[PDB]
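One chain comes next, on its own, written out as structure tokens in the form deposited in one PDB entry.
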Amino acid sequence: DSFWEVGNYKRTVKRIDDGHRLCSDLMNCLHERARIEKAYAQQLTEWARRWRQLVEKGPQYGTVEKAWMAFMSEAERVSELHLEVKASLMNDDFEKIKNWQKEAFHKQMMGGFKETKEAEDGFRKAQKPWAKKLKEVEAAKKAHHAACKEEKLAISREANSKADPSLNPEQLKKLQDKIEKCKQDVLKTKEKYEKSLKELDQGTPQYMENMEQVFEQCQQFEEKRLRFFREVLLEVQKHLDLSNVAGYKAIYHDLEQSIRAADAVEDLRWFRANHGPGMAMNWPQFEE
């Protein structure tokens, strides 16, 4: 599972397709939060429109009605703010990532991204010679082991050729030859297996240099997405932060003033003059 194993570089190459996937994930994440902002804003607008009508058609008038009516304005202003959050999330943030994704990942007409194919081809090139050599080394490995294995089998051949009745002179003096055949045969493949081994060893330095070369390029492409993510995220934080927006605090300073403008006395003074004792009256008199 080590990077240096043949083909294990694929994990690094995979990170490229993953990088494109992560940009799409972030985009969906933000799109989803934007819908949530719009939803809260829309429910507030609906609530404001519904209650503006109910208060207006209801029996509450005067300065107290204005105090109550101020809450519909508050909801409408909080809604505008969340619609701005949504607008900033989609028009700026979402679009910025959508465009970066497009400028960094290019489809190769055949499927997949050109940057992935590039990385893959660079790693192959850099691994090709070493892989070829490692290949012959393995062959020389299964060879030496094939010899050793075929040795003891012959060593026990003439051995188990004693507890047998029909033990001809040749049929027994010849089976002892196979042992000698395998004897040097093993030492033979041995040197073979040893040659390729040290040949591989002397070829690893170059091999590692080429692999680290390609890996570094990948690290550089990845660094771009990572820095880009931090940059956009700092911008998303700003768009969501309503705690440092004066316009938000203004909503409530204004709401408070409207409420404080409620004047019980003045309201009742009007009622007296327009619906109570304060009303003029045409008292009865002689009428013929």
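Here the rigid core means the biggest group of C-alpha atoms that line up within 1.5 Å when the two forms are laid on top of each other. Counting begins at 1, following the sequence as shown.
Unshown form deposited in another entry; subsequent notes refer to it.
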Open item on the list: Can you tell me which of these residues, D121, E191, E216, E80, is the one whose C-alpha shifts by at least 2 angstroms between the shown form and the other one after a rigid core fit?
Closed with: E191
TODO: Could you tell me whether the Cα atom of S156 shifts by at least 2 Å between the shown form and the other one after core superposition?
DONE: yes
- [ ] For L175, state whether the C-alpha moves by 2 Å or more between the shown form and the other one after rigid core superposition.
- [x] yes
Task: Core superposition between the shown form and the other one, C-alpha change of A147 at least 2 Å - done: yes
